[PDB]
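First the structure, in the form of C-alpha cells, and then the observations on it.
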Number of protein chains: 4
Amino acid sequence: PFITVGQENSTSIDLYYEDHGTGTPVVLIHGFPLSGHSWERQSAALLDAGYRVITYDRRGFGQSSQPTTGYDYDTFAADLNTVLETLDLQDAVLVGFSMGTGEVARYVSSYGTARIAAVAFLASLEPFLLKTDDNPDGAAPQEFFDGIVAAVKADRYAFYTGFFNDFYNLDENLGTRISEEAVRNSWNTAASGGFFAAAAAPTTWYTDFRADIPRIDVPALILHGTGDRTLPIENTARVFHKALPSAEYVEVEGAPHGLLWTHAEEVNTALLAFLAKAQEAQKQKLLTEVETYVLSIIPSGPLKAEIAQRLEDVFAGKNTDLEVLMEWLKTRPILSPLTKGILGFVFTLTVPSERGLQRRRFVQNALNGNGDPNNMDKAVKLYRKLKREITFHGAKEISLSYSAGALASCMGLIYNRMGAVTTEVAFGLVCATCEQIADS
Amino acid sequence: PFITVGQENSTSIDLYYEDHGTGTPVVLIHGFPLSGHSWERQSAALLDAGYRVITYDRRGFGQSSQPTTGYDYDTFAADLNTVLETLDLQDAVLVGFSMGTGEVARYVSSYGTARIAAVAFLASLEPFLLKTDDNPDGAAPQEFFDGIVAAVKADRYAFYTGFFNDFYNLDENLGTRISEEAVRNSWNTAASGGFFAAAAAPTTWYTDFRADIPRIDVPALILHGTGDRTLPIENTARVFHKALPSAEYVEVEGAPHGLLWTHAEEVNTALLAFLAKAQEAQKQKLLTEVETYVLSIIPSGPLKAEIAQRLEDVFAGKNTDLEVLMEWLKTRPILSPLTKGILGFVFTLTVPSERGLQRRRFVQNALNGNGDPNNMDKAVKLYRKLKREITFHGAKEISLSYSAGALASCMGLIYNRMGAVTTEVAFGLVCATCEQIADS
Amino acid sequence: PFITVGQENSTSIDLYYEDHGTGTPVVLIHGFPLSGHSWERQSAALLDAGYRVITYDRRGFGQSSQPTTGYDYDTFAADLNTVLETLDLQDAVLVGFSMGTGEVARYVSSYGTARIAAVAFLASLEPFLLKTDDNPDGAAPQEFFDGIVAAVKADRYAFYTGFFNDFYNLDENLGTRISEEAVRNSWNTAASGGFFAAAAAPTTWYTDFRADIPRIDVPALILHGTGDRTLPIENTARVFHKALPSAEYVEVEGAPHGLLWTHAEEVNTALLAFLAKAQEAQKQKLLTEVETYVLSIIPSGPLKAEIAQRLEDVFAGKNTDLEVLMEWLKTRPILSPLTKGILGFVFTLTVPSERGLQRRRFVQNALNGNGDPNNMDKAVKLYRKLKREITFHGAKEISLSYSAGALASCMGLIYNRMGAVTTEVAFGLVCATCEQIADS
Amino acid sequence: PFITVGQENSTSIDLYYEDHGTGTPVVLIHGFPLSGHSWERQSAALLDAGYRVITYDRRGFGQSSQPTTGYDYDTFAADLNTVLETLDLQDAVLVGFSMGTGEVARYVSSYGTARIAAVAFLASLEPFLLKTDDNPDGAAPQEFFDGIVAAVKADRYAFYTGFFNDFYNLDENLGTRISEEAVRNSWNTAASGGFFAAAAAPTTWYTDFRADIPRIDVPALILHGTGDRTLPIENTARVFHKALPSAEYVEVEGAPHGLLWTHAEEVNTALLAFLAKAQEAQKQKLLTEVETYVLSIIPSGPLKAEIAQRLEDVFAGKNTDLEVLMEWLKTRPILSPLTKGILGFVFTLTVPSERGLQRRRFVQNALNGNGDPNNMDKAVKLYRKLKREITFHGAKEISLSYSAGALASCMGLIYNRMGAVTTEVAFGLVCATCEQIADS
C-alpha cells in the first residue's frame, strides 16, 4: 500500500504503509535505517490489545520511494500530515522511535494535536543532539556527525555492520536477546534503502527540537534504554524529561538503542499501559462532561438521582439490560418526552450490548420535533458539518449555532441511522442540545 | 459618496458624505449655510494626527438632496443616526459647528451615547436661542428670526453676501485671517444649497435644547469665539457652560462665528488636545489586546516576561533598537519559527524608525507557509477581503475563518510588501493568527 | 517508478527507473546481473556535479518485470527508446556498463543521435565477443558461452558467487577496494533478478555490434580496466578503439570488470571530465539565450553594453560580487523599475555567493506587482505549475501563457522566498517575462 | 458618467468621464488643477473632425471622487488603465496636458502600447523636473516644490488666483487671448477639486519619467509654448525632444502654459494634423494586410486586378457607391459565392456611408456555412474568444485554430448582426478565413 506525499522530477514520491486491526489508531514511526516492519514485535502486541496499527516507511527507506530531496524534519512531518489526513485518522496516538521521535515532535508543533490523542517517545533524539555553546547538553559536535555522513558515503553496506553492533549492543545481547538471523534481516532492510537517503539522514539527527517541545499538550510517554550507545540517555531522555516534566518517564535498565526487539517485553508492557491509561483518562473526562450536561435538563428530585445512578453504572461498564432501561425510561411519570428522548439516545449510544432492541418509537417521536420541514432543513446542514468534525469541543461549538429544535431533529437523524458520525462528535451534539434547552 | 436617509415623492433623500484616513472616527457636522468641505482646515489637521475623518452635508445643503421636508432637529438627528449606523461607527467623536451642534445634542439625547466616545460643541446654539419670558438668556425674540426667513425668501443670493459679512467679521478679518477668494467659495457653497432649505433652516435655530443637555454623559468640549456676532457668547456658550459645567470650556478671544477658518490654528490646537485624551485611551486598549494575543502563543518562562517588557516599551514609544531586537528574536532557542515570525512582523509594524532595515530572512522563511501553493492561494483570497476592511475588530473576524497555515502566508504577503493593509487591519490579522495557533 | 515498455500475456512489461537532480540528462545503463542501484557511487558524484541522473533496470533485472521473452539487443534498445521518449529527454548523455554498453551502441545505430549529446562506454562488449573465423579478435568461442548459460541453469544462486569472484577480482580487491558487505548486496541484487533472464542474458553477449559502431556520430568515451577478467581488454576495448579512433580512450590500470565500485574514484574522474565537455557546451547556449532575452528589455545605449559585459562576467564566474552590482542597478536612470527587478533577480540567481545579503527592497517593489490580488492569484496558479516543471523549455513554455503582470508577481514570490523552484525553471520564467515585456 | 478605479474606506473611488462622437478614440488627460472640461476647445474641434473624444477627471479633481490617497503616477496610470479597459478602447490616441503628460508616459511604460495607436504631449513635464546633480536640466530644486505645497496648504483658494496669473500669462493675454469670465470659470473648477488633492498634486511634478521615455514605440508628438512660465521650455520640452528625437516637435511662439485656450487655434492645427497623419498611417498598414489576404483567394486574372483597385479606392477614402459595388459583385462572372461573401463582408465593413443597404441574400447564403449545426457550434465558441480579443494580430492567431467552415459561419454571425466585434478584430477573422482557404 502506498500514499503519495510528493513528486520528484518525472516520478512521484510514494510512501509504503500498512493498516491493520480495528480500534483506536496507533501510528508507529520507525527509526534509521530500518522500516515499518521493525515494529513487528510491538505491532503483534498492539493488535492483540484491540488497536488499529498503522505503520509507514520514511522516504528513501524500506519500500518507500527513494528521492534525492526533502530530507529534513519539516518535510518528514509534512509527510506524516499527509499520511494522517489521507487516512483521515482521528483521536490517534503517535509512537516514534529514534528518528521517529523527531517526526512526532515536529508534527505536533507545526500542525497541532487536533487528530492526536496522545504521543510516545521511544529512544528519543530530543531536545537537541548537537553539542554547541548554547547547548552543552549535546551528545557530540558538528564534526562528529560530518564523520558519520562521510562514513556512510564511503561504504554504506559496510557501515551497516558496524552500525547495528551498537544499535543492538551485540557484545552483550547477541545470542541472548537478539539472534544472528534477526540482525541479518535488519541489515537487509538497511541495504534496501536509498543510497542518498542513507547519507542524508544523519544530517537530520542534529535538529533543534527545543522549540517543538512546549507545543506538546496531549499526554506523553518518554521511554529510553540506559545502555543506549547511539543516543546516550543523559544527552537525550534525561534532559528531555526536564523539558517535559508532565510526560510519563520510563527508564529501561541495560536496554540498547534497539530495545524494540531486544527488550520488547519491557517496551510493550510500558507502552500498552500508557495507552490504556490515557484512553480511560480521556473516556472519563468525556463521560463526566456528558453526565453533567444531560442532568442539567432533568428537574431536581428523586428521579434525577435515579437517572444519575443508571448513567454512572453504564459509564462504569456494568453491563445493564437495555430493554429494562428503556422500559424504565418509557414508564417515568414527570419526565418530558424530549428529556426521555435525549436519555434514550444517550443510553443506546453508551450501551455496548444493544441486546436486540429495535429503534423505540417513544425516542423517535421525541426527537422528530413535530416533523417541521424547517427543522429538518437545518438538521441536515448541521449533519454535513458534523461529518467533517471530530473533536468533542469542536463538534459542540458548531452545533451551538443551531436552534434547540434543529438540534433535536439532528439527533433523530443519527438515531434513525440515516447518519454516520463518530461517538465523540455524537456526544458533542447531545451536549450542545442540552445546553440550548437549559437556557430556554 | 451618498447615504440614503429618507424618501420624498418619486425621489429619495441622500446625503453626500466623505470618509478619509484611518483611526478613531471623528464626525464633523457643518453649519449654515455651508457644507462638509468647510471643515477642510480641521480635516487636514485631523488626518495628520492619524484620525478617521467623516464629514457629511445636511439635507438641502452642499451636495446633498434638496427636499422640501424634514427641516427640524428631530429629522436632522435621525439623519445622523442613519449615517452612524450605515457606516457602523463605534467609539466615535461627534464635532459640531453652528447648526451642527444642535444635531449632536439631539442625537445624544434621543439615541444615546452607545456609539459615541466623546462630543464637541463649536460655536454652539445651545441651550436656547429664543428670547422669551421663561428664557431671558435668549439672543433674540420670535419676530427677529421671522425677519431672517423673510430676508432669505426675498433674495437668498443677496442674503448670503450680508450673512458672511458677520459670519467672518469681514471688517476686521478680511485680508488678515480670511481671503477674498475664500469668502467667494463660501458664497458659492451657500448658493449651491436648496432654495427651500435656505429659508427653512433659520426656524430651526430657536430650538429648545435645554432638555437634551443633561443627557450628555460622554466627555464634552465647548468652544466659542468672543467676537461671535451671529451667536453672541453670553446668550450661547456662557449659559451653556452653566448647564454643562463638566464640559471642557474654551474661549477664543476676538474670534468671529466662522472661526473654523479665521482662527483655525487656535481651534485645531484646542480640538486635537481634547481629542488626544480620547484617542490615546483607545490606542492603548488596542495595543493591550495585541499584547495579550501575542503573548498567548509564547510558552511560559523568563522569556515570556522579557518579550512582554520589550512589547510594552515599543508600545510606550521607547525607541528601542530594531536591529538588536531582530537579532535577539532570531537567536532564541525555545521560540518556534512561526512565533519568531509573528513577533518580527509585530515589531517592524509597531517600531516607528524602521531605520531602513531590509526584510529579515528568518521572518520571511517563517511566514512563507511551507510554500504550499494551496496555502498561498487562500492567503490571497483573504488579502482581497482585508484590502476592503478598515476596522480592527472587523479584520480579525473575517481572518478567523481561514486556517493557521493560510494566515501565516498572508502575513508573509504583507511583510514582503506584496500587500498593502492599514495598521488596524494588520493587527487584526496577527491577532487572528495568534488565536488559531493558541487553539491548535 | 515504472515505465511500460511492452506486454507479456495478462501482465504488462514495466521497467523500474529513477529520475534525480536537475541539469543535463545522464542515462546510466547497468550491466549483468545487477540493477540501476549499481551506479550509486557515480550517481552520487554526478548529482554533486549538477547533473540529472536517470537510471533504469533492464527487463528481468532488479525491480523491473521478469518476462521470458525479448532478451535480444533489438528489444533492449527498443526499451531504452521507450524510456527516452516517455521522459522526453533531449541533449542527453548515454553511459553504459558491461551489457549496458550494447544498448548504447544499438540504440544510437537504430534510432539515431537525435536526443543524444554524447555517449560513454565503460567495460564494453564491443565490437564482437564471439571468436569466429571472420572475427579472430573474439574473446571466446560459442561453446564457452554455452557453458555459462548451462552454469546459470544448473544453479544461478551458486553461480553468482563465482561470478562476482572475477567480476571484482576478489583475491586482489576484497578488503581493499570492495568490502564483504558490498559484495553481499550485489549478490542479493543478483538473486532478486529473474530466473529466465539470468540464463537468457549470456546469449546476448556475443552480439555483433561491428555494424553499429560507425553509426556513432556524437562524442564518445571508451573506458576499460586492464585487469578485466570478464571482458579481456585486448578482445574488447583495444579493438573497439581501432573501430572508433575518434573516441576518448581511457585505460584504468589494474582495474577489474566491476570497476564502477572498486576503482570508482578513477571512473568518476574520467567520466565527469568527459561529461563536463558536453555539459558546459549546452550550458553556454542556455546562458546565451538568457542574455539575449534579458538584453531585449534594456534600451539601446552605453548602459546596454555595460550590462551585457557584467552578465558575461557573472556567467564566466569572474565578477562574484553582488552588493556592488545591486547598488549599481538601483541607481540607473533609464531602467524601468521592472527592468531593474528582473536584472536583480537574474544576478542573485547567477551569483554563486549570495553571502549574507538580505533581499533588496528595490527588487521587491518592482516585482510586487502593485499588490493587485488578481495578479497574485494568477501568480500562485503559475507557481504550482512551475513546481512540477524541470526543463528550461518546459518552464518557459507554460509561463508564456500568463500575463506580464502575473509573471512579474510570480518572480516576486520566488525572490521573497515564498517559492522554491529549480534554476533551470527559474530562468524559464525570466525569459518568459522578458518575452512578454518585449511584446507589450 | 463615472468609472470606479478604487476604494477608500467606506466609499469607492470613481472618476467622472465623458464619451462623445464616433470614430477612433482620442483620450484627453487634463492638467492641474482643472478637469476634463478644460479640453472644450479641442473637443469641439476633434468632434468636427469625426473623432471619438474621451475625457475624464483625475482623482480629487473636477467631478471625480476626492480621496486622500493614491496621488502618485503609478496610481494615476493605474486609473487610466482602468478607464481604457472599462471602455475597452482599442487603436486609441493618448493626449496629455501638464500633469496629463505624466500619465501618458507612465501608462505606456507600465502597461504597453497594445491599445495605443499614438501619443501626444502638450506642455509636458518630461523628462525630469527636479534639479539635482544627476539631473542639471531640472527646473527647480526640492526645496522649491516644497514651497508650492505649503502655499496651497496656506490658502487653497487664494493660491489659485496667483496660479492662473502665470498659467495664462494674464499680463499679456488677458483681454486678448483669454477673457475675464473664462479665467473665472477656471478658478471655479479649481475650487471644485479636493482640498487634499490640491496640495498632494505638486509633489507628483518632480516625478522621474526618464525611464518611461524609451518605452514609447508608437508615433509621438511634443508640443510646448515658448512663453511657458510654469514649465520652462528649456527644462522640459527641449530636453524631452533630445530624449525622444523620433517625436514630432512643435514650438508655439509666445504661448503660455495654458495654451490649450489662449493659442487653441495653433494647438488644434498641430494636433489635428498629427492625428490625421497617424490615422491614415495605421489604416494603410492594416488595410494592405487585409488586401493581400483577400486577394489571395481570388484567382489570378483581370478580375483580380479590378478587385484590388476598387479595394484601394475604398481604403483611400474614395467613397464609391455601395449599391453599385454590391451589384458589380453580384453580376460578376468567375467569382465564387464564398469569395463574393467575403468581399461583401469587407465592403460593408470598410465603406463609411453604408447608404442603407440590406444584408444581401448572396452574402448571407455564402456565410451560412451549409447549415451544419457542428459548424454553427464552433462559430459561437470562436465568437466568444473574439469578443475578448482586441489586437488584429491576436485575433488572427486564435481564429486559425478553427476550420474554414467554422470561420465562414462566424463571419456570417457578425454580418447578420447576431454579433458585435471591433473592426480590428473583424479584420483578423476575415484574414484568418482567407488563410485557411488559401492552403486548400
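As shown in the C-alpha cells, the chain order sets the letters A, B, ...; within each chain, residues go from 1, and ligands are also counted from 1 in the order they appear.
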Contact table chain B vs chain D, cut-off 7 Å, shortest pair per residue, only C-alpha atoms, as CSV:
residue,atom,partner,partner_atom,distance
B:1,CA,D:11,CA,6.0
B:19,CA,D:9,CA,6.2
B:20,CA,D:68,CA,6.3
B:40,CA,D:195,CA,6.6
B:87,CA,D:10,CA,6.9
B:179,CA,D:158,CA,6.6
B:181,CA,D:157,CA,5.5
B:182,CA,D:157,CA,5.5
B:390,CA,D:9,CA,6.4
The selected residues should be written to file as a tab-separated table (two decimals), in the first residue's frame (atoms: N, CA and C atoms).
chain	number	residue	atom	x	y	z
B	1	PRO	N	-19.86	60.23	-2.51
B	1	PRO	CA	-20.44	59.16	-1.70
B	1	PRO	C	-21.75	59.61	-1.07
B	19	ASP	N	-15.37	59.91	3.73
B	19	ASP	CA	-14.71	59.09	4.74
B	19	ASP	C	-13.22	58.98	4.41
B	20	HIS	N	-12.39	59.64	5.20
B	20	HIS	CA	-10.95	59.69	4.94
B	20	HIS	C	-10.12	59.28	6.16
B	40	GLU	N	-12.38	71.61	6.00
B	40	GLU	CA	-11.11	71.31	5.32
B	40	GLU	C	-9.82	71.66	6.07
B	87	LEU	N	-22.53	53.37	8.45
B	87	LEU	CA	-21.08	53.21	8.47
B	87	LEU	C	-20.65	52.32	9.62
B	179	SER	N	-9.22	85.34	3.19
B	179	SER	CA	-9.04	85.99	1.90
B	179	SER	C	-10.35	86.19	1.16
B	181	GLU	N	-11.00	85.31	-1.91
B	181	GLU	CA	-11.31	84.10	-2.65
B	181	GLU	C	-11.97	83.05	-1.76
B	182	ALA	N	-11.50	82.95	-0.52
B	182	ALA	CA	-12.05	82.00	0.44
B	182	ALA	C	-13.53	82.29	0.69
B	390	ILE	N	-11.46	47.85	7.18
B	390	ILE	CA	-10.88	49.04	7.79
B	390	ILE	C	-10.72	48.93	9.32
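All residues of protein, DNA or RNA that reach within 9 Å of residue 402 (chain C), judged by only C-alpha atoms and not counting those fewer than 3 positions away in the chain, are residues 378, 379, 382, 398, 399, 405, 406, 407, 432, 433 and 436 of chain C.
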Nearby residues (only C-alpha atoms) at most 8 Å from residue 415 (chain D), same-chain spacing under 3 positions excluded, as a ChimeraX atom specification: /D:345,359,364,411-412,418-419
Produce a file of the selected residues containing C-alpha atoms, as a PDB file, in the first residue's frame.
ATOM      1  CA  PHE D 345     -18.387  41.407 -45.786  1.00  0.00           C
ATOM      2  CA  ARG D 359     -27.748  42.376 -45.704  1.00  0.00           C
ATOM      3  CA  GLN D 364     -25.824  35.615 -46.264  1.00  0.00           C
ATOM      4  CA  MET D 411     -18.309  35.869 -40.238  1.00  0.00           C
ATOM      5  CA  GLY D 412     -21.974  35.226 -41.012  1.00  0.00           C
ATOM      6  CA  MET D 418     -26.031  38.446 -34.118  1.00  0.00           C
ATOM      7  CA  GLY D 419     -22.521  39.522 -33.103  1.00  0.00           C
TER       8      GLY D 419
END
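The gap separating CA of residue 193 (chain B) from CA of residue 84 (chain B) is 23.1 Å, in Å to one decimal.
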Write out as a CSV table (one decimal) with C-alpha atoms, in the first residue's frame all residues of region 62-248 of chain B that DSSP puts in strand (DSSP E) for this structure's backbone.
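Everything below was put into states-v8.csv:
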chain,number,residue,atom,x,y,z
B,92,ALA,CA,-16.7,57.8,17.6
B,93,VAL,CA,-16.4,61.5,18.4
B,94,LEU,CA,-19.0,64.0,17.3
B,95,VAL,CA,-17.9,67.5,16.5
B,96,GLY,CA,-20.5,70.2,15.7
B,97,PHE,CA,-20.4,73.7,14.4
B,116,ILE,CA,-20.1,57.8,20.9
B,117,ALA,CA,-16.8,58.2,22.8
B,118,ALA,CA,-16.9,62.0,23.2
B,119,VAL,CA,-18.6,65.2,22.0
B,120,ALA,CA,-17.5,68.7,20.9
B,121,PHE,CA,-19.5,71.9,20.5
B,122,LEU,CA,-18.0,74.7,18.5
B,220,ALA,CA,-17.7,67.2,26.3
B,221,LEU,CA,-15.9,70.2,24.9
B,222,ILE,CA,-17.5,73.7,24.5
B,223,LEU,CA,-15.6,76.1,22.3
B,224,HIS,CA,-16.7,79.6,21.2
B,225,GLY,CA,-15.4,82.9,19.9
B,248,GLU,CA,-14.1,71.5,28.9
Those in region 197-315 of chain D with helix (DSSP H, G or I) from DSSP, as a VMD selection string: chain D and resid 197 to 204 213 to 215 233 to 235 237 to 243 259 to 262 264 to 297 302 to 315
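Proximity ranking of A:175, A:21, A:333, A:258 relative to residue 39 (chain A) places A:258 first, based on only C-alpha atoms.
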Residue 317 (chain D) environment, 9 Å, only C-alpha atoms, sequence neighbours closer than 5 positions dropped, as a CSV table (one decimal) with C-alpha atoms, in the first residue's frame:
chain,number,residue,atom,x,y,z
D,312,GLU,CA,-7.5,50.5,-52.8
D,351,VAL,CA,-17.4,51.6,-46.7
D,352,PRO,CA,-18.3,54.6,-44.5
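Coordinates place CA of residue 286 (chain A) at a distance of 12.9 Å from CA of residue 395 (chain A).
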